[PDB]
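Consider the single chain below, provided in structure tokens and representing the form deposited in one PDB entry.
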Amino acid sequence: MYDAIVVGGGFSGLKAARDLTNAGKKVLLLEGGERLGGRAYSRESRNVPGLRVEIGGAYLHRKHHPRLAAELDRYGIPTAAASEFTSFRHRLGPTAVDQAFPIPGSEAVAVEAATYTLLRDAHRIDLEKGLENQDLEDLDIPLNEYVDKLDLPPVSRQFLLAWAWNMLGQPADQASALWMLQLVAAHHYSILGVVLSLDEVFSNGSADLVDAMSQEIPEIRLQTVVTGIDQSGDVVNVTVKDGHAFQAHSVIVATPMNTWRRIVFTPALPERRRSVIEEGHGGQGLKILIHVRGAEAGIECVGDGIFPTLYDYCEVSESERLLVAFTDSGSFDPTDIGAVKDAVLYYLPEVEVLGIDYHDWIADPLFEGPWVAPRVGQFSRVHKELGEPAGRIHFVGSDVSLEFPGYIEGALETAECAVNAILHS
């Protein structure tokens, strides 16, 4: 019997389990997989033997992510500034300029006006109240309709759409405008900031921080899949797939939102949460690492291709590199290499694709999705509650962070909040 059982060994669970430990509590961390880190997954490249790649969460920005920064400072984890872009190869039409900010002057007045509308709209969201408690329904519509209302000329329109596709992991017709404004809000009410937060990387991968953190957790069970969390008795009983149950005064669910439906909760969770939990969020982010020949360093491409963005990731040799493409799994099949060639050649006709590397987050039973993105209409029905305690069971993780959802920083923030709650209750 434990003071707390933490279910899930991504950053959320790891921080929770460690902080509770250091506070003097008796803590058990249960991880379903064979590794720690969750959606922060560094490993050897499938294409380049010996090369260590981030297959999920990679980037941070110290100004926007103070908790993460403090983790890095705590353990002396080195960070390098992310791959700089010297070469611009956009597909935004003939009037675009080949630089990082490709808007031409002919569009400046329009961009000015949209910047006001977007920020006005984002200034409606208060980041503590929850997206369902602020009469924001009018905004919770498909992104494409919202962007059609803005009436943007071609370059800025497509530029906005491409990054929106990248960041949200959803085509414009499935993405919620409200959620886009939520990301704008989370970045100190900045549209620009949403892209400028790709500022830094882990010099040796996320696993450095994963290991530094796990060092301080005395009890961890890998390969342990929780299937039931039962709080009907005086002490919470946690049921596991293959073996003896575990019990604790408190349980922290630190698993991905889309996996919650695979656990039996007793009693059943508060009913307002149930339909969203059953359908899952709509995130379909697809990140592909593309092994290439013939690409010069520092390329960045944004445009109207099936890869909204494609840019430099890593140097492999003097002739070979890794590029990264973002798109979504409903729109693109990464196992279709011809398709990948076409998507790449569209921006970079001189570039030869050697191979691809990715992780199928959706098909992974321990995840059932990459980062969170709500379906249209979801989060104006229920959002804040999803991360609220139901009795003695707490819910944490990037997925339910109000402050920085979809980012490592969000995983850390929700954890902090659960820890403090437990240290009083």
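All residue numbers refer to positions in the sequence shown, first residue = 1. Think of the rigid core as the biggest set of C-alphas that the two forms share within 1.5 Å after superposition.
Comparing 77-85 and 324-332 where Cα RMS over structures and residues is taken in 8 other deposited structures of this protein (core fit), larger one: Of 77-85 and 324-332, the stretch deviating more in 8 other deposited structures of this protein is 77-85.
Core-aligned, which moves more in 8 other deposited structures of this protein: 158-166 or 241-249, by CA RMS? Between 158-166 and 241-249, the one lying farther away in 8 other deposited structures of this protein is 241-249.
Stretch exceeding the other in mean C-alpha B-factor - 44-52, 363-371: According to the entry, 44-52 carries the higher average C-alpha B-factor.
Stretch exceeding the other in mean C-alpha B-factor - 271-279, 181-189: According to the PDB entry, the answer is 271-279.
Which one, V109, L322, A80, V155, has the peak C-alpha temperature factor per the PDB entry? When the deposited C-alpha B-factors of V109, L322, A80, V155 are compared, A80 is largest.
Peak C-alpha temperature factor (PDB record), options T86, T95, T309, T117: Of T86, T95, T309, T117, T86 has the highest C-alpha B-factor.
When the modelled residues of the chain are sorted by Cα temperature factor, does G338 land in the lowest, middle or highest third? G338: CA B-factor falls in the lowest third of its chain.
Once the chain's modelled residues are ordered by C-alpha B factor and cut into thirds, is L423 in the lowest, middle or highest one? Ranked within chain, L423 CA B lands in the highest tercile.
Comparing against every modelled residue in the chain, figure out the third that the C-alpha B-factor of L20 lands in (lowest, middle or highest). CA B-factor rank for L20: middle third.
Chain-relative CA temperature factor third for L127: As the PDB entry reports it, the C-alpha B-factor of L127 lands in the highest third of its chain.
Please place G397 in the lowest, middle or highest third of its chain according to the CA B-factor in the PDB entry. Ranked within chain, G397 CA B lands in the middle tercile.
There is also a form deposited with a small molecule bound; it is not shown, and the following applies to it.
Examine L354 and determine whether its closest non-hydrogen atom to the small molecule in the deposited complex is within 4.5 angstroms. No, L354 sits far enough from the small molecule in the deposited complex that none of its heavy atoms falls within 4.5 Å.
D328, heavy atom within 4.5 angstroms of the small molecule in the deposited complex: No, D328 stays farther than 4.5 Å from the small molecule in the deposited complex.
May I ask you to state whether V195 is within 4.5 Å of the small molecule in the deposited complex, using heavy atom distances? Yes.
Contact of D140 with the small molecule in the deposited complex (heavy atom, 4.5 Å): Judged by the heavy-atom cut-off of 4.5 Å, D140 is well away from the small molecule in the deposited complex.
Please identify the residue among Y75, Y189, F85, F265 with any heavy atom within 4.5 Å of the small molecule in the deposited complex. Contact residue from the list: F85.
Only one of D121, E132, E71, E300 comes within 4.5 Å of the small molecule in the deposited complex by heavy atoms, so just point that one out. Comparing distances to the small molecule in the deposited complex, the residue within 4.5 Å is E300.
Quick one: which of 339-347, 195-203, 121-129, 265-273 gets within 4.5 Å of the small molecule in the deposited complex, going by heavy atoms? Going by heavy atoms within 4.5 Å, the stretch is 195-203.
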